[PDB]
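Chains C, B and A are the protein sequences, given in the same order. Terminal number for the first sequence in the entry's author numbering: 190, no gaps in between. Terminal number for the second sequence in the entry's author numbering: 119, no gaps in between. Terminal number for the third sequence in the entry's author numbering: 119, no gaps in between. Written below as structure tokens is the structure these notes are about.
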Amino acid sequence: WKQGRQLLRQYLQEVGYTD
Amino acid sequence: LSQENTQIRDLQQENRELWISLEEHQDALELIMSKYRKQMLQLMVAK
Amino acid sequence: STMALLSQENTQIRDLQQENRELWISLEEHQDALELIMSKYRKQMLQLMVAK
């Protein structure tokens with residue numbers, strides 16, 4: 172389903188964004 | 073009522089879901105492009 | 068209905084299928100763009116850590 176969010180979050184964390 | 077009405081309702085729900093996912097993908101792409109640009113600036117400062 | 072593809076119910080279905088298809092294509096285009104930019108980001112990061 173919409174598990175594509177985990178990939179987006181991986182990318183965002185790789186470039187330095189945080190939770 | 074009928075199954076065509078059920079198929080329409082299912083397609084409308086899927087449409088709403090897809091618009092939400094596209095918003096998330098567009099936002100992520102904008103955030104990553106911003107970091108990539110700022111990294112290029114820092115590579116310009118270092119070089 | 069006897070109107071086939073052009074019946075009111077079938078055009079509603081067809082329009083939703085077409086728009087959902089366009090959204091799915093745009094999602095794939097966004098994922099293609101994201102993995103391409105991430106590839107460049109990692110390369111540039113190596114150059115950055117090499118110089119600085």
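All C-beta atoms in this analysis are idealised placements derived from N, C-alpha and C, irrespective of residue type, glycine included.
Test item: CB-CB of residue i and residue j under 8 Å
i        : j        : result
B:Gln85  : A:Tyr108 : no
C:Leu183 : B:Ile92  : no
C:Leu179 : B:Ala100 : yes
A:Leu83  : B:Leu83  : yes
B:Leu113 : A:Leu115 : no
C:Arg176 : B:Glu96  : yes
Three-state secondary structure assigned by DSSP to residue i
i                      : result
C:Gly175               : helix
A:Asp99                : helix
B:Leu73                : coil
C:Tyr188               : coil
A:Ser68                : coil
residue 144 of chain A : Past the boundaries of the shown model lies residue 144 of chain A; chain A is included only from 68 to 119, so the question cannot be answered.
8 Å Cβ shell around residue i - same chain, five flanking residues per side excluded
i       : result
A:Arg81 : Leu72
A:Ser74 : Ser68
A:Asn87 : none
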